[PDB]
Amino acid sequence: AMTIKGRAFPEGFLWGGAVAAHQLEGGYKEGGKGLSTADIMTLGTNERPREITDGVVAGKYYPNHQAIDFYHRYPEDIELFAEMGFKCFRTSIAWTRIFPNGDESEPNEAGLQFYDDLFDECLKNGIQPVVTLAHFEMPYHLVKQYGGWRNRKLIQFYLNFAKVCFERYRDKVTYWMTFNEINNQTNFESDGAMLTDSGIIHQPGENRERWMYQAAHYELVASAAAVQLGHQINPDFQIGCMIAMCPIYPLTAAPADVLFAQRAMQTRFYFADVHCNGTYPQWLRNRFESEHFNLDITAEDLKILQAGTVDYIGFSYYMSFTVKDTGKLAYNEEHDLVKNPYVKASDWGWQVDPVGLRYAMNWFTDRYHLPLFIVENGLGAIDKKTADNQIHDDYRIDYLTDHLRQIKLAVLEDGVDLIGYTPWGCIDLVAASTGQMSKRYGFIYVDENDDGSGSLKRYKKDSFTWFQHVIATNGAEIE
């Protein structure tokens, strides 16, 4: 009876692609650019974690130094994006190109000039930049000198950075987001999440949980202040949060499983609660008191939080989680997740849950009643370039199709308000988890090996063509 084929996405829908500066740009030293926390992360494997080193240690390979050299090649890459018909380009402004060490009193003109040029290049091509301010690339100086977001000073260092960007680019960007995947540090035991989100490398004697919430608080306050500041520079600016949206199912209908899963979602998405409601949920305030965290939270902080709630919720989606009741009060993401036996290998071997995206979209809408922006979704897989220089990546086409199907249902049937959709790593870039080029997400193949060798030549994948057609038909054919 009901069908979605033949029906277009809404008019004005922002199809695009998504990246982060540190994962594609390279030129990590060009133009007086500072050493970021991305620049101290060595290459790893599927089995071997990336090494966080103290500065650039000698005889180690850092894949973010060159990446795919987009700092220099962006006009060629953007032409490929306009050939696909992108309506937007989601990327980050490297904090380290604008304030290399993060505490300077004036910005870096060479860095500001780069984004002028990059954005001018997008805009003459019909492509509006969608910009994330903090994206796992903060000045390492801030980590060494201040202890990262342990320190309330980062609130003003962040705002200096946002101010300069808001003003410089105020006729060039409409959509901004403050802190990429701010809620990864929900897993406070993940060294990767503490560094990327908050620039925290654990010190002996520290309560990891306590300092995550201290750090998240300051960032949430910084985000709220940036919304207000932002709206003052350009009232047309749409300013959003960025949430990693892994929904957490109860394993079974056992009441205690269902309650525990509620508390896991509450714990993982309190960040969104603050961004959107302007206040801390009361259960978490109660947790702050009963664990005696004694957090540095001022009455000024709370007023800023309540005036600086966001215009929309940008999120990533990749997977869903499952939990059963542990007997325990709190959700610890490192230890409490169980296997979901109802989700099995797809035709291509990897597990996905496209239904959870629909679920997630209804969960955001019914809770906050704000527009959403899907700014990260994609398949990381091995691609082979054939002798005749093609990549037949129908495993990537299927992946995106299965997800787009559910998104199309969420919007057309469920009536969820979606600004757009920008699949992750539209051009093959350095993967966050391992720093391998080999784990590829792109519509565009970049001839680079994991050791950084290769010509770096761009080639179209078959998915490039499939996605061009989707944009050209505004998603009408998706069934």
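Sequential numbering from 1, following the sequence displayed.
- Here 356-364 and 105-113 are compared by their mean Cα B-factor, and 105-113 comes out higher.
- With 375-383 and 261-269 compared on mean CA B-factor from the PDB entry, the stretch scoring higher is 375-383.
- The residue among 175, 317, 350, 218 whose C-alpha carries the highest B-factor in the deposited model is 350.
- Taking the PDB entry at face value, the top CA B factor among 339, 275, 403, 135 belongs to 339.
- Split the chain's modelled residues into thirds by C-alpha temperature factor. Residue 455 is in the highest one.
- Looking at the C-alpha B-factors along this chain, the one for residue 428 belongs to the lowest third.
- Sort the modelled residues of the chain by CA B factor and residue 287 lands in the middle third.
- When the modelled residues of the chain are ordered by their C-alpha B factor, residue 79 lands in the middle third.
- The deposited CA B-factor of residue 444 belongs to the lowest third of values across its chain.
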